[PDB]
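*Asks:* output the structure for:
(chains A, B, C, D, E, F, G, H, I and J, ligands or ions: 8)
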Amino acid sequence: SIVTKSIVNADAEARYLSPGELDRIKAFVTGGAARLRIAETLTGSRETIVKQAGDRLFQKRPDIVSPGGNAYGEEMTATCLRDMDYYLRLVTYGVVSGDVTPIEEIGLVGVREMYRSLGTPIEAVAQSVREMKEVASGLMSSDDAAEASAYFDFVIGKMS
Amino acid sequence: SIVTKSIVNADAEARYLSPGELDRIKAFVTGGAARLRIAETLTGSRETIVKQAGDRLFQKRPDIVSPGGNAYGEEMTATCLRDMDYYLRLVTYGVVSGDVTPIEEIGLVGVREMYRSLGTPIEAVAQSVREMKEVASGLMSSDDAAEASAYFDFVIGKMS
Amino acid sequence: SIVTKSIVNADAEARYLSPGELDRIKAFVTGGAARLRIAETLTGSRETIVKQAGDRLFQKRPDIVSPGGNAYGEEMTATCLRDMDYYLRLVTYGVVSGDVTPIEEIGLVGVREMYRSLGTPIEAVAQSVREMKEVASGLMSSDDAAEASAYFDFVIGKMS
Amino acid sequence: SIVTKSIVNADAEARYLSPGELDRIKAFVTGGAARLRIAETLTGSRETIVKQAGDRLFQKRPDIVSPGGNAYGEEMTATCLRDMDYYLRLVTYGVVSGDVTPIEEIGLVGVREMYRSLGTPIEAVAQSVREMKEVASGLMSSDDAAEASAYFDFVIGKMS
Amino acid sequence: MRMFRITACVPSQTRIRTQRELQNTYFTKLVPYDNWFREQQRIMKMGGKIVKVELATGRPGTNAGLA
Amino acid sequence: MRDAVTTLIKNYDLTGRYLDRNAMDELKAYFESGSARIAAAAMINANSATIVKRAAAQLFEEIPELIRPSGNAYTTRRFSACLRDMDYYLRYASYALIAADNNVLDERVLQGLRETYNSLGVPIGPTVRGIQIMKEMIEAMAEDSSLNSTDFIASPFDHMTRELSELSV
Amino acid sequence: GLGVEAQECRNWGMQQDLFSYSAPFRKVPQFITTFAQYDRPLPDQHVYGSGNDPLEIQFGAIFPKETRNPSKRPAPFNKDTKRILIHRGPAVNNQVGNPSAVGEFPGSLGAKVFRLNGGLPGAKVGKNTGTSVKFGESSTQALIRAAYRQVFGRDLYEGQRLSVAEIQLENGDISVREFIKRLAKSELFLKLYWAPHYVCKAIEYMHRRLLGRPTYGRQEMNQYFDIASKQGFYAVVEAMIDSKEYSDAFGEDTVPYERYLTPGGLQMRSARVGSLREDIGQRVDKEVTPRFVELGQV
Amino acid sequence: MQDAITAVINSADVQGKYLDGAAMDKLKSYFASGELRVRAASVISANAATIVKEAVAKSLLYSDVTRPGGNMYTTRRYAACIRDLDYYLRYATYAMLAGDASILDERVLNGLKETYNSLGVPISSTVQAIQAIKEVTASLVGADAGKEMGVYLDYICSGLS
Amino acid sequence: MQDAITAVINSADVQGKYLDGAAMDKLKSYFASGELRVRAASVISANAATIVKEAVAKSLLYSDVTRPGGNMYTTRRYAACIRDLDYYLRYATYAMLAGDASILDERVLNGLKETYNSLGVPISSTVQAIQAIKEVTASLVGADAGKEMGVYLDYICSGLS
Amino acid sequence: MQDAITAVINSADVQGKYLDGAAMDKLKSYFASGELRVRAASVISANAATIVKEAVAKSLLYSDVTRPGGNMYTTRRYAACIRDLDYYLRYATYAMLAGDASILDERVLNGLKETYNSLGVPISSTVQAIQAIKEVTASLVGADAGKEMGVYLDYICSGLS
Ligand SMILES: *[C@H](C)[C@H]1/C(=C/c2[nH]c(/C=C3N=C(/C=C4\NC(=O)C(CC)=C4C)C(C)=C\3CCC(=O)O)c(CCC(=O)O)c2C)NC(=O)[C@@H]1C
Ligand SMILES: *[C@H](C)[C@H]1/C(=C/c2[nH]c(/C=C3N=C(/C=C4\NC(=O)C(CC)=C4C)C(C)=C\3CCC(=O)O)c(CCC(=O)O)c2C)NC(=O)[C@@H]1C
Ligand SMILES: *[C@H](C)[C@H]1/C(=C/c2[nH]c(/C=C3N=C(/C=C4\NC(=O)C(CC)=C4C)C(C)=C\3CCC(=O)O)c(CCC(=O)O)c2C)NC(=O)[C@@H]1C
Ligand SMILES: *[C@H](C)[C@H]1/C(=C/c2[nH]c(/C=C3N=C(/C=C4\NC(=O)C(CC)=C4C)C(C)=C\3CCC(=O)O)c(CCC(=O)O)c2C)NC(=O)[C@@H]1C
Ligand SMILES: *[C@H](C)[C@H]1/C(=C/c2[nH]c(/C=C3N=C(/C=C4\NC(=O)C(CC)=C4C)C(C)=C\3CCC(=O)O)c(CCC(=O)O)c2C)NC(=O)[C@@H]1C
Ligand SMILES: *[C@H](C)[C@H]1/C(=C/c2[nH]c(/C=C3N=C(/C=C4\NC(=O)C(CC)=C4C)C(C)=C\3CCC(=O)O)c(CCC(=O)O)c2C)NC(=O)[C@@H]1C
Ligand SMILES: *[C@H](C)[C@H]1/C(=C/c2[nH]c(/C=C3N=C(/C=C4\NC(=O)C(CC)=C4C)C(C)=C\3CCC(=O)O)c(CCC(=O)O)c2C)NC(=O)[C@@H]1C
Ligand SMILES: *[C@H](C)[C@H]1/C(=C/c2[nH]c(/C=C3N=C(/C=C4\NC(=O)C(CC)=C4C)C(C)=C\3CCC(=O)O)c(CCC(=O)O)c2C)NC(=O)[C@@H]1C
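*Replies:* Numbering: from 1, shown residues only, chains lettered A, B, ... in the order given. Ligands and ions are numbered 1, 2, ... in the order given. Structure as follows:
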């Protein structure tokens, strides 16, 4: 979290917390209500975001779900939607934490090696997260959509 | 029916029915035997038209039954074939009545709003009804197909 | 325009402009500079948005540019990009006017039967407008994308 | 109020509120402190605005207080000043609500029929409210007196 | 009373009517004097062009006897 | 006659639902406000006669035409009827303060009050003026006294004022 | 009564009407109806009372009478209180939620629409004399009869028809809007539907005939009542014809038709033993031949 | 409104089934009776005013209804009663052609009893006029078609009484 | 209709006095809530159709209401039910923006029970549909503004009671 | 109230003349059908609760109305609906025994429509319940007595509508 980063940056140079870190933590605390609202509407609409974004992904990229594809079959399609729900949950965790380090520590270290072992196209996973970004950004106000799309675009950058 | 149309026009003009409407009504009454024959053929072979036209629809438009489509899944495919069976039943109603009034009142007013709320592509539903038209036209006699084709492409025109 | 709408309402009630409507004119005049900023960003990036959104449309629906489709051939693709350019020009007019009235008056009434007579899939043109929305939101400012997306999805809802 | 006016207009158009209307409501609820400061200014100076404006009206149109006039006498002069205070209270209500609807539902519909039943000169009451506007602009700052003068000028236009 | 003979052409602007619309698009009709202002304003806010108007009945400058 | 718990039960019963966390939160809010409601009602019982006398005095000095000829507080019969009506308003306001609901006010005060006042010529404007005068003096007395929560006191009087009042705008 | 004891302020008007000697002639149970309408919201009723609603029949402004069999049901309708009306045609063509569908014709669900779709006879001098079977005149005469029926819901008599207005519309000197205007401004309409009725009753019935629509409420009724007070019945007719909703629903060639209904009128039309559909307020069990009959069948 | 065909179609639609054997039998019965219905409707449309004339001669004329103090006294009230009987005969012909009384309940009997009780119209005299229409129609048209018309005329009698 | 500001102005005008400090406090409270109300209204106006879609899928779809013999069976009745849920969502958004249920009293609940009883519309099924709208809107907007919307949706339900 | 005897007596009395032969044929028909009316009333009085039970099971059970939010949700309102159907069946037997629908218009109908409108009672659904009562009664008693009961049950439905 932002609190974790500020405490770590103070402790690395072995001092108490600077006024800049206090101002940053104060901004984190004041934006906590809006961040909690964004996380609340994401976890409330968690099923329809995954459903609509998976539908848009499978319409835009039929090759991953056609026979010979990585996600062909109902079980592999359900596993792909489970992965999309996993990344939406990590997006909600990042929205709560105010930064990107829970998404990084849980689902973005070794993601390329994992999906290379799985045989899954990582650019198609990034397309799935981009469709989740578009569907979720259509479900909020403009500032909330930009704030959530920041974490979404971090996941896009880590996947591609 | 044409009887209800003639009585509605006579009621609107506050007069007894015109003798022209009288021979059109007795002509419909005498020619209703062929209408009952067409309705008997469609009722007897109702699952055959639905099955073949559904297969031809899903081959022509694979996106609606691919994942991400509106009709993906066995229960959604069964619901789509139930909708096709509903429209075939309405076609039999129109053939029996001699008029497009039961078809329009039961399953064509607000169809665009209904399918827009459901997310179903109305042009693909029109393609489904067109496939039912081709299967039934190949399945019955030429004059019977020409008689049923007026109701069929009335449904096509109202959907498109 | 909201100026035109306020004058129409004032002449409908046969009266001068109410102070709330005058304050609406105040707010519209104030926001016209930012709306014009949206306008020159869109008309400066009109070529890239149209070309790359048309390419994304071609990859999404390859049957459009395939032989046997509507947009097969260099002159047919020229007409397709001309339609894209016309619709984006209407969106620039809409973000200039602050209202959907120029789009609805120039290029959004009777488009269903127009493209029915042309044989063009209205779902395909709606998908093209959706890709133009996505490319414009990616290439253009985000609150300004929320401004332009009202006109964009008004076009989406009217065509589809 | 502005909220009720926007809801009435959107209900007549059978739609939700426009984003411009929502931005106007946001501007209204941010400027709430300023307009309630105008309200407390007017309630502080309620008895002085009517005093100076009645003095200006009586020195401008002495036929009002001449014998045979509508407001001849002590008690009729008191009733005239009470109507002046009523209109000042309605202007206070209007600048609080942000709309001229609380002004016009109480003191502008049927005012001509009421004052022709009472024999009162409507243009002289309009001149009285003009003098109230000038006194309020005297003991008020520039832009806020322009803001209150919008509603005052609505009263002048709808009365005269 | 005094009547106005008018000739007008109004366009359709909101929807494409599928029925025959000559009789309400281009038409000539008799409108009364007291109703010509509201009838004209209805056409003029509708968006048509009144190409002709004349006083069919009565004479100009009729102080008394206009009814 | 329905209090807050009863109208919450009726609202959930209409939908056929069990009491969820929102319902338990509303019941917890009512049960934590209930001590302040009981203290406020005991205060209402304490100063009832003096508050109706001084509220009537404030009403008749604000609108002096009521106690004059052609007014509807003219005789002592009209005066005692006005005092009885104001005491009725205070008593049912106490009932609504205990119940935390204005359904008692709707069922037993407001559903025929316009009809009776139009039948007998009793004004409806000075009536709600006296009701609001009672509201201001009771709220000031509760602010003076050791009452932690005083926000709920204005709700029955403002409900009476809005329901009995005439739609100006 | 009133002075004997303290009177409870919940059965005031019901007790006042009950203590009169006319109580055994009100057969409407007033107490239970008012006590139920106390709990429930505002009913399907005209803003000026239950007696201000005509029967939704073809002709005849049949109103409830306050004295004969007293059935008055007052309800405190405020100014901007729109009455929910039921559209005759498609339900999505209701102008409350779809205001751009005012001009949509209710095909096969609403009333029949009569228009000047055919050309009027003698419109052009292309048929230079002769031309015995100039075909479109029976359609125009049926249009005249339909306009007559809409203004006065029944067919008229011989001396009552406005033959000069008929001839002017048939020649094309006036349009359908001015023809309906003259039919409503005729003294026959004044004698039949304006003079024998209460003023707001006549305003409401005339709105239902000239627009096919009950009034939404106090705003429109106040407007037409103020016009009736100031200028009179001819000007209320003029304002009703020149209203924007009239021009939106009906053109210069369209005779008015019944577009909206009250819920009570629709209940009277389609709640009888006949014309009531099987799935309106009934559980429709899917009737099937029994499974043992199916197994015993060959 | 609805005819017998539309009634069968609506029953099958609400019941959620196709046209089974009994529905086709009802449609065949209606198609059998349709020629008789058309012939009877043509006969009534020919002799429309004669039925009402013979009915008022048989049932209403030379009585206290026609005499002063009666409801059918004035020429206006006489023309009103003649128009009412014209409407009743025309809508009974409509119901005879359709094979259903839905148009009778939708456009005639809705509020008709309340209308006649508000106007003071004699219910018994109007019923006797409809019975006179029934026997004159049965004499002028035929036996089976006269019975078919009399079913809907008795439906109007039951709805009005 | 009356919002909070117009209700305060109406109360003070029937009082006959100017706005005292309690009017200032109520106005400032409404202005404090106004930004949350505007944000909720914007989100609901953007997602108007999807809330109705999820509510119909949650409550009315695949039931006897939409099966043959049901009142949501025929597609004009289905589109009417969709438009009714759009009515309830839009007017609940209006009531949440106004901070008052006066518009629901004047335009939504005015004769709605008699309307639905005349039509045959299922009262408890549309109550469950409004309940599904309430749950979907509370999931889509949040606890606070969802609760505020649910107050007026429950007001519509209790009017339908 | 009036039975058939008092009806023909008052019809003779209003015009002031004595009984003719045509008035005597009314009494001949009534005394022909009197013992059928007696045995039908005995059967329905024997099975009075059973008809209401099968009618509610046929039409009203498992519909929207018994579900929460419906008009027959609470057990008190269910008992009130059973009470209303007992009223309708008993007064229909009264009208069947009298041979004239005066008791229905005098004690059941003249004041019931607006009472049901004030209570919110669905008039179309209770008309369908009365139709179910008619079907079960016609199954129990017979064809002629069943349609004789159905005439007055349709009279109750027409008074409600
Ligand atoms: C098949 C050609 C296409 C398609 C179908 C599809 N439909 C639905 C869902 C429904 N469709 C209806 C429609 C009707 N009801 C009627 O009574 C009539 C006329 C007689 C019609 C046309 C209804 C009511 C439903 C809802 C089902 C229910 O009973 O609750 C679905 C399911 C959508 C979902 O998400 O559940 C589908 C898939 N989809 C296609 O792609 C084909 C083009
Ligand atoms: C197309 C061949 C050329 C053309 C078309 C064009 N048409 C209009 C509008 C109208 N057309 C008519 C014509 C008719 N109305 C009828 O009822 C009938 C007979 C059944 C005819 C022939 C009318 C009346 C109009 C006016 C609008 C209306 O529909 O009432 C326009 C103008 C549209 C506008 O106002 O913007 C145009 C441009 N122009 C061409 O260049 C094509 C070669
Ligand atoms: C003291 C020697 C005198 C006196 C003074 C006084 N009176 C009031 C107020 C009221 N007086 C009345 C009296 C009447 N009502 C009637 O119908 C009749 C005729 C039989 C009478 C005499 C009433 C009702 C009031 C209260 C209403 C009001 O304020 O006027 C006051 C004021 C008390 C206060 O301000 O609280 C005073 C000081 N009354 C006498 O009888 C003595 C002559
Ligand atoms: C005093 C604030 C105002 C006033 C009062 C006044 N009221 C009446 C008479 C009646 N008031 C009622 C009202 C109620 N009955 C109830 O049961 C309840 C709630 C428990 C109420 C509020 C009734 C029924 C009457 C009539 C008989 C009676 O007193 O019970 C009068 C008398 C008028 C007369 O001439 O008889 C008066 C004077 N008048 C004002 O001016 C003050 C604004
Ligand atoms: C005599 C000048 C002509 C004539 C007369 C004739 N009349 C009838 C029958 C009826 N005439 C009326 C007329 C009225 N009743 C009224 O109350 C009024 C207005 C005050 C009028 C005008 C009526 C009602 C009848 C019906 C009989 C009845 O009153 O009960 C007849 C008999 C027709 C028949 O065939 O029975 C005749 C012969 N006939 C002529 O040729 C003279 C020109
Ligand atoms: C004739 C058999 C007996 C009779 C008739 C009579 N009727 C009227 C006048 C009216 N009749 C109606 C009835 C209807 N309204 C409808 O919508 C329909 C179905 C389409 C019907 C049948 C109405 C409304 C009137 C009122 C006037 C009008 O026509 O609009 C009268 C005149 C009563 C009067 O006061 O004018 C009479 C006399 N009365 C008899 O005695 C005959 C036995
Ligand atoms: C959907 C949740 C349920 C349902 C609905 C249903 N509604 C109708 C038709 C109408 N609904 C209204 C209601 C209103 N009109 C208004 O102006 C307002 C406030 C803005 C409301 C709430 C009306 C008037 C109608 C009649 C059509 C019209 O719009 O004029 C129907 C159709 C009835 C029919 O027989 O076609 C239906 C089916 N039914 C269900 O089963 C769902 C539970
Ligand atoms: C179970 C403990 C016993 C029992 C139950 C049983 N009940 C029914 C049917 C119904 N029961 C009710 C009762 C209520 N509805 C309410 O809303 C409430 C209060 C909240 C009550 C108490 C109703 C209305 C029905 C009808 C179903 C419907 O919704 O329409 C049955 C079925 C009877 C049938 O023939 O269908 C049964 C079997 N039976 C036992 O033996 C247990 C002792």
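*Asks:* what helix or strand is the residue lying closest to residue H:36 once chain neighbours are set aside on?
*Replies:* Leaving aside its sequence neighbours, residue H:36 sits nearest to residue H:145 (C-beta to C-beta, 6 or more residues apart in numbering or on different chains; 5.3 Å). C-beta here means a position set from N, CA and C on the backbone, and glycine is covered the same way. Residue H:145 is located in helix H:144-160, with elements delineated by DSSP states H and E.
*Asks:* then residue G:181?
*Replies:* helix G:176-185.
*Asks:* name the surrounding residues that touch that helix.
*Replies:* The contact list for helix G:176-185 (C-beta atoms under 8 Å, 6 or more residues apart in numbering or on different chains) reads E:29-31, E:35, G:115-116, G:143, G:147-148, G:150-152, G:162, G:165-166, G:168-169, G:174, G:189, G:206, G:209-210, G:234, G:237-238, G:240-241, G:250-256.
*Asks:* so who does the residue in chain F that ligand 6 sits nearest to touch?
*Replies:* Nearest to ligand 6 in chain F, going by C-beta to the nearest ligand atom, is residue F:115, at a distance of 34.7 Å. Residues near residue F:115 by C-beta under 8 Å, 6+ apart: G:12-13.
*Asks:* any idea how far it is from chain B?
*Replies:* Look at residue F:115 and chain B: by C-beta to the nearest C-beta, to the nearest Å, they are 45 Å apart.
*Asks:* one more: residue A:93?
*Replies:* Distance from residue A:93 to chain B, by C-beta to the nearest C-beta: 27 Å.
*Asks:* any idea which element the spatially most central residue of chain H lies in?
*Replies:* Nearest residue to the geometric centre of chain H (C-alpha atoms, centre = their mean): residue H:92, 2.5 Å. Per DSSP H and E, residue H:92 falls inside helix H:75-98.
*Asks:* specify the next element, helix or strand, located C-terminal of that helix.
*Replies:* Past helix H:75-98, further along toward the C-terminus, the next helix or strand under DSSP H and E is helix H:102-107.
*Asks:* which non-adjacent residue is nearest residue G:94?
*Replies:* Per C-beta to C-beta, 6+ apart, closest to residue G:94 is residue G:87, 4.3 Å.
*Asks:* where exactly do the helices run in the chain?
*Replies:* You didn't pick a chain, so chain A it is. A:2-12, A:19-30, A:32-44, A:46-60, A:74-97, A:101-107, A:111-118, A:122-137, A:142-159 (DSSP state H).
*Asks:* ah, I was thinking of chain E
*Replies:* Counting by DSSP H, the helices of chain E are E:22-25, E:33-46.
*Asks:* looking at the ones you listed, which is buried most?
*Replies:* Counting by mean count of other C-beta atoms under 10 Å in any protein chain shown, helix E:22-25 has the highest mean neighbour count of the helices of chain E, with a mean of 17.
*Asks:* can you give me the offset of it from its chain's centre?
*Replies:* A distance of 13 Å separates the centroid of the chain from that of helix E:22-25, by C-alpha atoms, centre = their mean, to the nearest Å.
*Asks:* ok, that helix near ligand 2 or not?
*Replies:* Yes. Using C-beta under 6 Å from any ligand atom, helix E:22-25 reaches ligand 2 at E:22, E:25.
*Asks:* from residue F:20, how far off is the residue nearest to the centre of chain H?
*Replies:* From residue H:92 across to residue F:20, the span is 60 Å (C-beta to C-beta, to the nearest Å).
*Asks:* same question, residue G:90
*Replies:* Taken as C-beta to C-beta, the span from residue G:90 to residue F:20 is 39 Å.
*Asks:* between these two, point out the one with more neighbours.
*Replies:* When neighbours are counted by other C-beta atoms under 10 Å in any protein chain shown, residue G:90 comes out ahead of the other of residue G:90 and residue F:20, with 23 against 9.
*Asks:* how about the more buried one, what does it touch?
*Replies:* Contacts of residue G:90 (C-beta under 8 Å, 6+ apart): B:109-110, G:104, G:106, G:109, I:76.
*Asks:* change it to 10 Å
*Replies:* Residue G:90 makes contact with B:104-105, B:109-110, B:113, G:98, G:101, G:104, G:106-110, I:76, I:79-80 under the criterion C-beta atoms under 10 Å, 6 or more residues apart in numbering or on different chains.
*Asks:* can you turn the buried part of the residues you listed into a ChimeraX selection?
*Replies:* Selection of buried members from those for ChimeraX, criterion 16 or more other C-beta atoms under 10 Å in any protein chain shown:
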select /B:104,105,109,110,113 /G:98,101,104,106,108,109,110 /I:76,79,80
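*Asks:* burial count for the nearest residue to residue G:249 once chain neighbours are set aside?
*Replies:* Closest residue in space to residue G:249, ignoring its immediate chain neighbours: residue G:102 at 4.9 Å, by C-beta to C-beta, 6+ apart. Other residues near residue G:102 come to 17 when the count uses other C-beta under 10 Å.
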